[PDB]
Number of protein chains: 2
Amino acid sequence: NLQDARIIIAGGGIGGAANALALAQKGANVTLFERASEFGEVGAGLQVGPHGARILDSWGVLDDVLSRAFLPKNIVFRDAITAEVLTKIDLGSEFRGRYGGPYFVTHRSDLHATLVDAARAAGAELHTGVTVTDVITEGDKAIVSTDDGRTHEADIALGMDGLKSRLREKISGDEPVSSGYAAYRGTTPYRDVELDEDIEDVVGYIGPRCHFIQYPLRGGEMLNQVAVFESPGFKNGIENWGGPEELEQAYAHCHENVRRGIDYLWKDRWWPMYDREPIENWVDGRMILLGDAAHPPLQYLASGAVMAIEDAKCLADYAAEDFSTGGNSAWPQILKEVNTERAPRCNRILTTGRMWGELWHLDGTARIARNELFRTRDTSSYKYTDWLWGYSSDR
Amino acid sequence: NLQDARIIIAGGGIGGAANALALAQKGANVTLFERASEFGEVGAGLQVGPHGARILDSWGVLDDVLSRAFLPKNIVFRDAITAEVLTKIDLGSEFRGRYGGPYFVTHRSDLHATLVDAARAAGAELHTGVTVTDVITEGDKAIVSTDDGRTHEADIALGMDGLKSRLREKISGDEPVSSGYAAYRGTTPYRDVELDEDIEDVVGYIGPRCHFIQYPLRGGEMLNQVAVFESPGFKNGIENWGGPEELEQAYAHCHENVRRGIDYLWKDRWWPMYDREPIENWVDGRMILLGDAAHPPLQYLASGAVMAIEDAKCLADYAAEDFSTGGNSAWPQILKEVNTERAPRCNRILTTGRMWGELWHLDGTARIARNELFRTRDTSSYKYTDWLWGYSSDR
Ligand SMILES: Cc1cc2nc3c(=O)[nH]c(=O)nc-3n(C[C@H](O)[C@H](O)[C@H](O)COP(=O)(O)OP(=O)(O)OC[C@H]3O[C@@H](n4cnc5c(N)ncnc54)[C@H](O)[C@@H]3O)c2cc1C
Ligand SMILES: Cc1cc2nc3c(=O)[nH]c(=O)nc-3n(C[C@H](O)[C@H](O)[C@H](O)COP(=O)(O)OP(=O)(O)OC[C@H]3O[C@@H](n4cnc5c(N)ncnc54)[C@H](O)[C@@H]3O)c2cc1C
Ligand SMILES: [Cl-]
Ligand SMILES: [Cl-]
Ligand SMILES: [Cl-]
Ligand SMILES: [Cl-]
């Protein structure tokens with residue numbers, strides 16, 4: 001356990017919250033600073049495969065998250081032009097047996113609140129409206145600066161300040177890499193969505209230069225919808241690219257079931273999709289980058305928040321194992337071993353995820369090939385998914 | 001049979017020769033005019049699947065063609081960058097049982113000579129150094145004009161004057177459509193080719209914007225090699241595009257086994273690859289277009305000469321069936337019924353063949369998808385090939 005340990009976490013998204021929870025459950029003294037004046041997340045869906053669900057269960061929060069989640073029976077891929085089913089991933093008891101938990105979907109806001117509440121309950125000291133302005137390592141401590149003029153001492157600090165991380169600048173000068181794709185979301189009362197057939201699955205329509213995803217939330221009462229498309233504005237240097245004037249033309253070539261979806265999306269806000277090139281080293285002295293600060297992906301594998309959750313589990317587990325015997329002096333080795341375990345995993349998600357989205361967005365003969373590949377696969381095989389959903393950091 | 005019938009054939013390529021043979025075997029009076037001063041073909045390979053081999057057998061010439069041919073055990077597709085086997089089409093006894101004949105390869109020159117010799121033996125009157133300058137229909141006869149100032153009367157005329165057909169202008173004003181790809185050939189003494197492993201198959205290396213094919217000829221004594229690549233010169237308006245200064249860069253990204261091949265090719269001559277858009281109607285009065293004049297493909301399905309051979313069989317069979325009972329008056333109906341049977345078949349080859357070559361030449365994620373599609377297929381299935389190799393015109 002981590003009783004005598006002190007950890008400061010810079011950032012209170014899903015990542016920082018999950019780390020606060022995992023560390024406080026080991027008995028660590030955890031202080032978390034969040035920039036925003038309240039804890040919160042977007043009131044729309046995310047997907048959490050068994051690689052995240054098993055970890056939530058270990059922390060004792062999965063039952064509760066599920067009480068407010070939805071349990072899809074399958075992930076279903078459809079052609080966005082014809083609406084034809086291409087393939088399904090069965091998320092039933094064999095899936096759950098194999099991977100040690102369910103594949104679920106829920107509101108980001110609910111998952112985030114659940115984590116924050118559990119971290120507090122476990123002893124974490126969370127602070128809102130506080131920005132971490134610097135982290136340095138001096139001797140055997142991290143020294144953390146905040147925007148109220150204070151400095152704080154801890155054993156280690158976690159840089160969990162997201163895609164636009166400034167703490168990352170201590171290690172890398174890279175900038176976010178634009179995908180040229182933009183994401184829109186919507187949640188609609190389920191019954192207000194014009195549906196030809198009801199939805200109890202995660203449905204992904206994949207088409208030339210676009211996709212469209214639907215899934216139920218909150219026990220089937222709401223439908224989450226997500227539209228991702230290639231922005232022509234981006235290729236022309238528009239700074240504020242991907243705006244809603246692009247949506248109608250971006251989908252004009254798709255099936256009516258996809259085109260009807262667009263009307264339900266929120267149009268006041270969107271998410272231009274960026275990632276970063278993979279980096280191996282996430283550690284600067286007694287600071288480690290985790291979550292999107294270390295490994296921000298494009299969302300094709302629906303695993304960014306899951307990776308941040310995995311990060312928490314690995315950090316807490318490896319530290320509790322080694323700090324007990326080696327104390328504070330052991331922290332740099334612990335960070336190194338966490339980085340060595342996590343980088344190959346997460347960097348494969350970044351890179352493979354780019355290829356996976358490309359595979360979705362093919363046109364022409366390439367689309368013909370992709371459709372037939374999906375149709376004819378051995379659905380009993382897990383070779384395309386075991387690397388993702390079957391990973392564990394357990395040593 | 002066709003005893004009282006008179007047919008004039010404009011063109012003496014593989015198509016015209018095969019039609020001369022098929023018609024003369026039915027007892028028709030056949031006169032064939034060829035522009036060139038000698039009958040001949042290129043001294044390099046072509047492939048003849050069972051859809052052509054069965055027909056040659058019916059005419060009694062397959063045994064003889066085979067005595068000078070090669071019988072590959074498989075068609076083998078390899079990735080042009082890695083040289084990895086992707087899939088094989090087994091050409092063994094089950095294949096031959098299914099499709100009614102062998103898949104063989106031979107010299108174009110030999111097949112052509114064999115057909116010409118057999119057409120002569122069967123009674124066809126062949127003439128070299130004679131160009132057909134016009135064909136018109138007057139009453140119940142075709143009237144054919146030649147470049148020695150003569151005119152000739154027949155019951156029907158076949159326009160078999162190739163990709164650059166002028167007779168086609170009677171029916172369509174279309175021009176050849178450039179693929180932007182160019183083909184080079186070579187034959188090398190088998191033993192002079194630097195081979196890591198010996199070849200007893202048709203091998204197709206398929207890569208980004210290029211392919212490379214090898215197969216043995218003449219009982220394994222020579223190796224046929226064919227290089228097809230996307231010409232940058234074409235996209236820049238070079239009239240004489242696809243020249244050999246393009247070959248080295250076109251293959252630079254390929255595996256050594258492909259790159260070594262280029263040195264063996266003839267560099268003095270090449271074949272810029274054109275086809276035509278499919279047309280339904282091939283008949284103008286008592287003239288019918290057949291062979292490349294009617295349906296010139298890109299060569300990805302290795303079936304252009306085979307289609308011309310099929311044309312001959314259908315024409316001869318359908319005419320012999322109906323002329324016997326209806327005489328000369330029946331010829332326009334016969335041509336219509338031959339056109340109705342042949343156009344959907346051949347036009348599917350034109351169109352599908354374009355998609356098939358595109359499938360070969362994919363890059364990026366599309367190539368990744370295509371490779372995996374090929375690898376994982378049900379090799380016991382014939383669904384990708386029965387339309388091609390299992391067709392018959394028999395009614
Ligand atoms: C359209 C879309 C769909 C997605 N869907 C899925 C999905 O289905 N499943 C999945 O697992 N993932 C998904 N993701 C990925 C997931 O959203 C992210 O990977 C994940 O939320 C990252 O969490 P984080 O805590 O590392 O970073 P963030 O969520 O960015 O949190 C960083 C926090 O740090 C705060 N902050 C910033 N700087 C400072 C500072 N200096 N001091 C203090 N606080 C600071 C910010 O206010 C923010 O609260 C998706 C992403 C997108 C864009
Ligand atoms: C690189 C390449 C590879 C190929 N490989 C294969 C393969 O493996 N298998 C396959 O089956 N097919 C293949 N083909 C296709 C095949 O070559 C052609 O489809 C076929 O040869 C066409 O035969 P044809 O008799 O209709 O026309 P052509 O071969 O063009 O013959 C037309 C003839 O008419 C003559 N002529 C022209 N105008 C006149 C006139 N006015 N009067 C008299 N004579 C005239 C010409 O001199 C010529 O001899 C390939 C083609 C290419 C380019
Ligand atoms: Cl993601
Ligand atoms: Cl992801
Ligand atoms: Cl051809
Ligand atoms: Cl062809």
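Just follow the structure's listing: the first ligand is 1, and inside any ligand the first atom is 1. Letters A, B, ... are given to chains in the order of the sequence lines, protein chains preceding strands, and every chain is numbered from 1. Computation of the quantities below employed the complete heavy-atom set of this structure, encompassing side-chain atoms and omitting hydrogens, waters and symmetry-equivalent molecules.
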State whether the shortest distance between N or O atoms of [X] and N or O atoms of ligand 2 falls below 3.5 angstrom.
X         : answer
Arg185(B) : no
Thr131(B) : no
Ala305(B) : yes
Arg108(B) : yes
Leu163(B) : no
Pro297(B) : no
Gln47(B)  : yes
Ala308(B) : no

Query raised in the report: For the residue pair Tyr184(A) and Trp270(A), does the interplanar ring angle fall in the parallel (under 30°), tilted (30 to 60°) or perpendicular (over 60°) class?
Result: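 Rings of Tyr184(A) and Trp270(A): parallel, as their planes differ by under 30°.
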So which heavy atom in the protein is nearest [atom], and how far is it from that ligand atom?
atom                    : answer
atom 19 (O) of ligand 2 : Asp292(B) OD1, 2.8 Å
atom 38 (N) of ligand 2 : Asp161(B) CB, 3.4 Å
atom 35 (C) of ligand 2 : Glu34(B) OE1, 3.4 Å
atom 27 (O) of ligand 2 : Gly162(B) CA, 3.7 Å
atom 51 (C) of ligand 2 : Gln299(B) CB, 4.0 Å
atom 29 (O) of ligand 2 : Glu41(B) OE2, 4.1 Å
atom 37 (C) of ligand 2 : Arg35(B) CZ, 3.5 Å

Query - Of the listed options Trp270(B), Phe33(B), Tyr300(B), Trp271(B), closest to atom 43 (C) of ligand 2 (non-hydrogen atoms) - result: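 Selected option, by shortest heavy-atom distance: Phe33(B).
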**Report entry** Selected option - heavy-atom contact closest to atom 25 (O) of ligand 2, from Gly129(B), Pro272(B), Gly15(B)
**Finding:**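 The nearest heavy atom belongs to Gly15(B).
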Query raised in the report: What part of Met160(B), side chain, backbone, both or neither, has a heavy atom within less than 4.0 angstrom of ligand 2?
Result: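 The answer is the backbone of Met160(B).
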Query raised in the report: Passes salt bridge (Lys or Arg N to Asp or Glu O under 4.0 Å), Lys170(B) versus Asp284(B)? Steps please.
Result: CA-CA 7 Å; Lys170(B) 295 296 194 163; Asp284(B) 176 21; 5.3 Å; no
Contacting atoms of ligand 2, where contact means under 4.0 angstrom from a heavy atom of [X]:
X         : result
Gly13(B)  : 25 (O), 31 (O), 33 (C), 49 (O)
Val130(B) : 43 (C)
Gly291(B) : 26 (O)
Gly11(B)  : 34 (O), 43 (C), 44 (N)
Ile14(B)  : 25 (O)
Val132(B) : 40 (C), 41 (N), 42 (N), 43 (C)

Query raised in the report: ring pair (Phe, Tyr, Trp, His ring centres under 6.0 Å) with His361(A): which of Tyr181(A), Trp356(A), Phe212(A)?
Result: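 Among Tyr181(A), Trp356(A), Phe212(A), the one that satisfies the ring pair (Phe, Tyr, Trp, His ring centres under 6.0 Å) with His361(A) is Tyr181(A).
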**Report entry** Candidates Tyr205(B), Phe229(B), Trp360(B) - the one meeting ring pair (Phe, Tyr, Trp, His ring centres under 6.0 Å) with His211(B)
**Finding:**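 So, applying the ring pair (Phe, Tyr, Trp, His ring centres under 6.0 Å) to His211(B) and each of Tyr205(B), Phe229(B), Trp360(B), only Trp360(B) qualifies.
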Query - salt bridge (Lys or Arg N to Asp or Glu O under 4.0 Å) evaluation trace for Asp117(B) with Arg120(B) - result: CA-CA 5 Å; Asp117(B) 285 357; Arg120(B) 187 149 39 223; 3.6 Å; yes
Any chance you could measure [X], atom [atom1], to [Y], atom [atom2], to the nearest 0.5 Å?
X         : Y         : atom1 : atom2 : value
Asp292(A) : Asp275(A) : CG    : CG    : 10.0 Å
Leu115(A) : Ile309(A) : CG    : CD1   : 6.0 Å
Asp311(A) : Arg345(A) : CG    : CZ    : 10.0 Å

State, without any angle test, whether [X] and [Y] hold a side-chain donor-acceptor pair at a distance under 3.5 Å.
X         : Y         : result
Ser172(B) : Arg276(B) : no
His51(B)  : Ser303(B) : yes
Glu246(B) : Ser231(B) : yes

**Report entry** Salt bridge flag under 4.0 Å for residues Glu310(B) and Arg54(B)
**Finding:**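 A salt bridge is absent here (no side-chain N lies under 4.0 Å from a carboxylate O).
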Query - Ionic contact status for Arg166(B) with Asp161(B), cut-off 4.0 Å - result: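 Salt bridge between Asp161(B) and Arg166(B), a charged N being under 4.0 Å from a carboxylate O: no.
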Query raised in the report: Above 12 or not: heavy atoms from other molecules or residues under 6.0 Å from NZ of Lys267(B)?
Result: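 Enclosed: over 12 neighbouring heavy atoms sit under 6.0 Å from NZ of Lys267(B).
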